[PDB]
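Let's start with one chain on its own, the form solved without ligand ADP, as structure tokens.
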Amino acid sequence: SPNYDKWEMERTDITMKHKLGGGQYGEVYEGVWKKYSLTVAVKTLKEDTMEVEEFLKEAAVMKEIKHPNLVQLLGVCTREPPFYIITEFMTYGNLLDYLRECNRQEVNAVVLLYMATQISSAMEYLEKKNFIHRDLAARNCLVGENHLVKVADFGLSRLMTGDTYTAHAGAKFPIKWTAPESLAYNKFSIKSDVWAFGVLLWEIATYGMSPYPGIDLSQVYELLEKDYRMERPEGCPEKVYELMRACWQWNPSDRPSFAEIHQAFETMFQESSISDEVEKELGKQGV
């Protein structure tokens, strides 16, 4: 069948349990995949959407993407009206909820930066895959053991090979994570997620505080248009704010790639570590 998906398995084959909810995330449930007896997480659509195409679209994406910093698909059920999307069970839950419920004495500045590096590792892969997310945020990220974070909830992640207009009439995009061009012209690029990533970086560094806090929504576009961007969080290193300023660049052509951002974090990590701010192979032909 052209409708084939290798992750398609029987609903009976998994034993669902109690919901984890997710607050603003969606209908997430606990399950156990019988033949391995391992607890798993199952996200289904909330009825009132009735937009099967955008939620079910993630099922195809997670089969066609793989990275240690991306939510791995464990199964799906699109052969049956009770549509389910089944993945691994995330120990520390959603990242926004985790930072709200974290041990702040354990979760210091450098781990917040490292967890942003985990996300950058996921998003640079999406860049390689020419995939775009358009909903990149702590609420849409997951955390498990050893502060491992992975990008999740691939509902707004539409597959294009090089299309600028990834919207569809109703612009369902989080404004403070949406790029200047994406607000003004309603035109999107790989750089539109680079804005979302920088806003997420700030959100992590503030222990899950809300980005652009205390400003009216009615003022948000105005100030963003005036080149305004959030300043460095208390405890967030100088180097990280420079990285943020690049991610919050007005011009997408002057705004950096996720490859460049992935470089920027490992470049920063120089605590008893080799200063990897070097170029392509220091020898002779370093063009």
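Start at 1 with the first residue shown and count on from there.
What comes next is about the form solved in complex with ligand ADP, which is not displayed.
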| item | value |
| --- | --- |
| Shown form pocket vs ligand ADP in the deposited complex, superposition, backbone/C-beta distance 2.4 Å | blocked |
| Contact test in the deposited complex: residue 212 vs ligand ADP, heavy atoms, 4.5 Å | no |
| Contact test in the deposited complex: residue 41 vs ligand ADP, heavy atoms, 4.5 Å | yes |
| Residue 149 within 4.5 Å of ligand ADP in the deposited complex, heavy atoms | no |
| Contact flag, residue 124 vs ligand ADP in the deposited complex, heavy atom cut 4.5 Å | no |
| Joint contact, 196, 256 and 260 to ligand ADP in the deposited complex, by non-hydrogen atom at 4.5 Å | no |
